[PDB]
Structures are given as C-alpha cells and as structure tokens.
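Just one chain follows, in the form deposited in one PDB entry, and it is written as structure tokens.
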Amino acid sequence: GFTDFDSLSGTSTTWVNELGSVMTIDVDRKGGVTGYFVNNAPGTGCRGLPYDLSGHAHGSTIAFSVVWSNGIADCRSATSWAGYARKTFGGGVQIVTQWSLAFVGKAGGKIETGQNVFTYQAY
C-alpha cells in the first residue's frame, strides 16, 4: 500500500531503529509530523521517557527533530534526522536517515553525525 510519505498522511505509525529506540508519529493530511521519540540506546542519557518530536514528510523525504528535555530529564542535547523511504524486497518499509547530534559536555559544545534505519512495525 505504501508508495511514498504521502501514504502516511492521516496515519499513526510506530517505527523502531537498529538499537530498539522507538518513534511514534502522527502524520497530518499535509505531511506535518508530530509524535514522540523514546531513546532506549544503552549507555545514553534520557532513556525510557517520551520526548516531543516534530517534522515534516513530503514525497520520498522526511525530517524530524527532538530536544532531549521534557521537564522530567534534560541531557543538554538535540538530535535531528533527515531521510528517505526505502522499500525492502522482504515487503516492508524503512526510513533511512542521517542524524545530526549537538550536545554540551565537559569540553563544551560538540556536534556528531551517524546513520539510523527505522523499520515500520506492523502492529
């Protein structure tokens, strides 16, 4: 059924990345993305709490952002993802993303990049 992100308009979906961190997103009729990110990555801060997520999806690309502060736990960090839709020959749907990370540690501000692959959960 999935053609591109225009297929998510009006839907509520859960996605998991390769370290078992979970994004639950509502995509509105115009491709506006709202929802929650839960960090489960071992040896990271701010685990197991929902963090507000916001972004936008259009055609075959998507981008979304979290700041790691929610009034419960603050990890002095922010993450954003930019990505594209990938159809597996298995049948399923993935978002291939590159994340950008900014944080303030003991040596002040730092920026990092890496990959995350999100797999649609058919709940």
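The first residue of the shown sequence is 1; numbering continues from there.
Trainee: Given the B-factors recorded for C-alpha atoms, which segment has the greater mean, 82 to 90 or 49 to 57?
Mentor: Averaged over C-alpha atoms, the B-factors run higher in 82 to 90.
Trainee: Regarding 100 to 108 and 18 to 26, which shows the higher C-alpha temperature factor on average in the entry?
Mentor: Taking the mean C-alpha B-factor of 100 to 108 and of 18 to 26, the larger value falls to 100 to 108.
Trainee: Out of 63, 41, 38, 75, which one has a C-alpha B factor higher than all the others in the entry?
Mentor: In the PDB entry, the greatest C-alpha B-factor among 63, 41, 38, 75 is found at 41.
Below, we refer to the form deposited with a small molecule bound, which is not included among the displayed structures.
Trainee: Quick one: in the deposited complex, does every one of 7, 12 and 84 get a heavy atom within 4.5 Å of the small molecule?
Mentor: Contact check failed for every one of 7, 12 and 84.
Trainee: Only one of 27 to 35, 52 to 60, 87 to 95, 70 to 78 has heavy atoms within 4.5 Å of the small molecule in the deposited complex; I'd like to know which.
Mentor: Of the options, only 70 to 78 has residues within 4.5 Å of the partner.
Trainee: Look up in the deposited complex whether residue 111 has a non-hydrogen atom within 4.5 angstroms of the small molecule, and give yes or no.
Mentor: No, no contact at 4.5 Å.
Trainee: Would you please decide whether residue 44 lies within 4.5 angstroms of the small molecule in the deposited complex, comparing each non-hydrogen atom pair?
Mentor: Judged by the heavy-atom cut-off of 4.5 Å, residue 44 is in contact with the small molecule in the deposited complex.
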